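What follows is a short report on a single structure.
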Amino acid sequence: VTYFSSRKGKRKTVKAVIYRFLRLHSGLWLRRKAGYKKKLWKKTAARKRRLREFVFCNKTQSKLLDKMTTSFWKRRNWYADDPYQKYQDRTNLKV
Amino acid sequence: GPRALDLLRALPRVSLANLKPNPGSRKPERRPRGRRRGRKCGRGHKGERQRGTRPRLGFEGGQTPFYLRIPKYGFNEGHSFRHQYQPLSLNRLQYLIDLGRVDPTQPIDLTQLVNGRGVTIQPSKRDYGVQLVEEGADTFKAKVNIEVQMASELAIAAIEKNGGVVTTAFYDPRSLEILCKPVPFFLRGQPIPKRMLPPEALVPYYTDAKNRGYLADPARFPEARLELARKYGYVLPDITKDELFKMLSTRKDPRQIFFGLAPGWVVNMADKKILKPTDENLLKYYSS
Amino acid sequence: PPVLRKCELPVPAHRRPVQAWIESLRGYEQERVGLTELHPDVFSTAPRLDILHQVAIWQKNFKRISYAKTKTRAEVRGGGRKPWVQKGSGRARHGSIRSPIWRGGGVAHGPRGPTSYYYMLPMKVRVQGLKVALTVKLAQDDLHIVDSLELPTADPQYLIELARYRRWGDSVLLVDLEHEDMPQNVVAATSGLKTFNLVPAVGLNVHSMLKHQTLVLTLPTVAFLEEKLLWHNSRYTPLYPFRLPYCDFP
RNA sequence: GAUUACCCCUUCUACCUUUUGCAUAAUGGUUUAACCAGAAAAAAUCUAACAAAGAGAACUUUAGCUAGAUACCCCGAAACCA
Ligand SMILES: [Mg+2]
Ligand SMILES: [Mg+2]
Ligand SMILES: [Mg+2]
Ligand SMILES: [Mg+2]
Ligand SMILES: [Mg+2]
Ligand SMILES: [Mg+2]
Ligand SMILES: [Mg+2]
Ligand SMILES: [Mg+2]
Ligand SMILES: [Mg+2]
Ligand SMILES: [Mg+2]
Ligand SMILES: [Mg+2]
Ligand SMILES: [Mg+2]
Ligand SMILES: [Mg+2]
Ligand SMILES: [Mg+2]
Ligand SMILES: [Mg+2]
Ligand SMILES: [Mg+2]
Ligand SMILES: [Mg+2]
Ligand SMILES: [Mg+2]
Ligand SMILES: [Mg+2]
Ligand SMILES: [Mg+2]
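Protein chains in written order, with my numbering: chain G, 159 to 253; chain Y, 496 to 783; chain E, 281 to 530.
Rendered as structure tokens:
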């Protein structure tokens with residue numbers, strides 16, 4: 159992470175985080191499961207199903223991924239047809 | 496009013512000499528001096544941490560980093576190029592009309608929504624305009640003429656049941672910038688630009704009467720509209736026999752950015768006068 | 281005839297206005313020439329020493345630019361060389377003799393470059409600060425509304441004696457509507473004094489209001505301030521800079 | 001600690017650093033003076049402004065925004081390059 163850039167003096171973003179993850183507006187980060195394209199003929203139907211699925215990251219991670227991302231990716235987004243738009247709000251959460 | 500004034504009568508003159516910041520408004524700043532904060536200064540003992548050189552953020556200590564194990568996938572893919580539509584609930588609309596920010600009297604478009612601060616559009620962020628969602632569907636009483644960028648069935652249904660007229664329009668990014676902030680545009684001293692046609696993927700959207708797109712054949716409007724009245728079971732009001740019919744009828748030219756203005760004119764705000772060119776080539780260029 | 285001043289802006293339904301004596305500056309003895317109705321929102325605002333403090337400090341610090349530079353270990357004159365070799369000498373090991381430990385060396389941290397302290401308080405905070413200052417002035421009896429402001433003579437002794445006979449306290453600030461429209465005698469007489477002070481209404485501010493024990497306003501000045509300040513309760517959030525064209529606002 | 005009384009009695013392993021553990025016979029310093037080492041505001045908390053909006057332009061908004069305040073050292077190689 160670059161905390162102050164050379165030319166603009168701003169705070170840079172790590173792009174390798176932007177390619178594998180997704181930030182919902184609740185703050186949950188959403189990631190693929192490692193090795194899902196890898197050696198399928200070995201694995202059971204069960205394991206294949208477990209691998210195709212998307213999953214959520216623990217607090218320690220979401221926190222870390224947040225530090226590597228600027229304000230622009232924490233933004234509220236309305237896309238036409240957005241699949242995940244139905245998932246971006248949190249409901250019935252009594253902490 | 497504030498009985499504090501009566502207390503101020505008996506107290507000494509407020510001056511620079513007595514001024515107290517709010518309690519706990521300033522938090523005291525701590526310095527590494529003395530017995531407590533000195534001597535290792537909260538930096539711990541030796542290691543890399545007390546020299547201050549410990550590694551960068553993602554670093555896991557050399558096992559493959561968490562963020563670098565996971566395969567990549569299109570997620571944020573093309574995020575720069577997906578159009579975005581700022582939502583507008585019928586709640587919000589009914590609300591703006593009710594408190595009388597937007598007036599239903601004159602025809603209601605994007606500009607007048609911006610002026611009412613009901614909706615904030617940022618063309619720069621790949622935002623293509625307002626869309627219509629049905630949140631206030633039952634509550635909605637107003638007789639309105641709306642032009643949005645994208646609309647939903649239930650929204651159109653509601654506005655019909657109340658006897659208003661909806662129309663879908665497309666603006667390109669530049670036109671949208673000009674449409675949302677007209678005054679900072681006129682102070683540029685540029686002519687008034689041509690409006691773009693929708694790109695190829697959107698075109699099938701704006702030719703449908705079901706959508707009530709602005710590029711659609713008006714001849715289907717009396718048809719499909721009536722269809723909408725069957726599905727949600729309301730009787731369709733007669734627009735022709737209405738008193739406000741001359742306002743509802745008002746459309747824009749598909750090439751026009753503004754109501755009653757024309758592509759290629761130039762607004763001089765100092766002399767409060769509008770300038771139009773007589774040049775043949777120029778007039779052909781703008782009229783097309 | 282007694283000059284009576286009615287408020288030109290709507291008062292809140294639940295709140296009766298405030299009143300102040302209108303004094304004339306021409307007679308020693310003419311204490312109450314008239315009666316002024318003052319707007320309860322500008323002058324009667326719930327007093328907050330808090331916002332007075334915040335803006336009082338802001339005024340002091342937003343202007344501030346410190347030029348204090350100290351040469352760091354890199355910028356000092358010379359000595360880019362090792363004074364003696366690492367091992368074998370018997371003394372402590374050193375790099376450049378310009379290290380911060382050394383006698384002529386660079387300063388380790390110290391003040392760096394010209395520094396600017398600049399922060400912009402949100403508008404409505406500055407506005408309500410101004411209101412509170414006026415309110416405080418009024419509710420402590422140290423505000424005096426004047427009309428005219430024509431002086432009988434240009435002699436400063438007149439102004440000092442006029443302070444004494446009315447018991448105005450030690451220092452005094454005077455506020456006039458415009459800079460061009462200031463009457464002659466006043467300009468001269470005040471421009472000859474330290475403790476008295478003279479300012480256009482465009483230049484009212486909190487720090488100066490607190491710096492003088494007694495504030496004095498012209499009547500058209502009250503008509504001015506009351507309007508400008510009251511305008512911010514009812515405003516929208518700005519779209520572009522207010523200097524540009526708006527429907528109602530110039 | 002005390003004593004009429006300086007001692008005489010009685011009670012106590014210099015100080016830092018470093019370590020599992022230092023009176024250590026581990027490191028450092030004759031002594032005095034003057035110099036000689038914690039900097040950042042993403043997220044957060046705290047105090048206020050105005051609030052379905054807020055910011056003195058561009059932004060962010062499912063109670064939010066805007067402002068203030070809270071934060072991250074000093075001395076040392078052998079080297080390498082023109
Ligand atoms: Mg300590
Ligand atoms: Mg140490
Ligand atoms: Mg260690
Ligand atoms: Mg937006
Ligand atoms: Mg050098
Ligand atoms: Mg060298
Ligand atoms: Mg060196
Ligand atoms: Mg020097
Ligand atoms: Mg021992
Ligand atoms: Mg030591
Ligand atoms: Mg040992
Ligand atoms: Mg030993
Ligand atoms: Mg030894
Ligand atoms: Mg050793
Ligand atoms: Mg020794
Ligand atoms: Mg500090
Ligand atoms: Mg912050
Ligand atoms: Mg809050
Ligand atoms: Mg090399
Ligand atoms: Mg090397």
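Don't be surprised by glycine CBs; every beta carbon is placed ideally from N, CA and C.
Cβ-Cβ separation, E:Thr494 to E:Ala481 (assumed contact under 8 Å), whole Å = The pair is not a contact, with the Cβ atoms about 17 Å apart (cut-off 8 Å).
query = What residues from chain Y crowd round G:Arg189, counting only those whose CB sits closer than 7 Å?
reply = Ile565
inquiry  = Would G:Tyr194 pass as an interface residue toward chain Y - the criterion being a Cβ-Cβ separation below 8 Å?
reply    = yes
request  = With a 10 Å radius around its C-beta and 16 neighbouring C-beta atoms as the bar for buried, classify Y:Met764 as buried or exposed.
outcome  = exposed
inquiry  = Quick check: the Cα distance between Y:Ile654 and Y:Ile603, rounded to an integer number of angstroms?
reply    = 13 Å
query = Hey, is E:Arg373 close to ligand 6, as in C-beta under 7 Å from one of its heavy atoms?
reply = no
ask   = Roughly how far, in whole angstroms, is the beta-carbon of E:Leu453 from the beta-carbon of E:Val496, given that I think they are within contact range, below 8 Å?
value = 7 Å
query = Any beta-carbon of chain Y closer than 8 Å to the one on G:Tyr245?
reply = no
query = How about the stretch 611–621 of chain Y and the stretch 666–681 of chain Y: do they share at least three Cβ pairs that are nearer than 8 Å?
reply = yes
message = Between the alpha carbons of E:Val387 and E:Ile377, how many angstroms are there, rounded?
response = 13 Å
ask   = Between the beta-carbon of E:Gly314 and the beta-carbon of E:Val291, is there less than 8 Å?
value = no
ask   = Taking the C-alpha atoms as reference points, what is the distance between E:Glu458 and E:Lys508?
value = 15 Å
query = Hey, is E:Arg285's beta-carbon within less than 8 Å of any beta-carbon in chain Y?
reply = no
Under 8 Å by beta carbon: chain Y residues contacting G:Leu180 = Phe570 and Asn571
request  = At 7 Å on the CB atoms, spell out the chain G contacts of Y:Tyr580, in chain order.
outcome  = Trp236 and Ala238
inquiry  = Residues in the same chain with beta-carbon distance under 7 Å from Y:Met691, minus the five sequence neighbours each way, listed in chain order, please.
reply    = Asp667 and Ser670
inquiry  = Quick check on the DSSP output: the alpha helix (DSSP H) that includes E:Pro436 runs from which residue to which?
reply    = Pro436 to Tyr445
request  = Leaving aside the five residues before and after Y:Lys771 along the sequence, list all residues of the same chain whose C-beta is less than 8 Å from its C-beta, in chain order.
outcome  = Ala757, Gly759, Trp760 and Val761
ask   = Looking at C-beta atoms only, is the number of pairs between the stretch 348–360 of chain E and the stretch 294–312 of chain E that lie closer than 8 Å three or more?
value = no
query = Any C-beta of chain G sitting closer than 8 Å to the C-beta of Y:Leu552?
reply = yes
request  = Measure the Cβ-Cβ separation of E:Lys349 and E:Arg392 and say whether it is below 8 Å.
outcome  = yes
ask   = CB G:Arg190 to CB Y:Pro566, shorter than 8 Å?
value = yes
ask   = Since Y:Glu718 is in the alpha helix (DSSP H), which residue starts that stretch and which ends it?
value = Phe716 to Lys726
task = Using DSSP bridges, identify the partner residues of Y:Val660.
result = Y:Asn640
request  = With a threshold of 16 other CB atoms inside 10 Å of the CB of Y:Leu777, please say whether the residue is buried or exposed.
outcome  = exposed
key: Limits of the unbroken beta strand (DSSP E) element including E:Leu478   = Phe476 to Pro480
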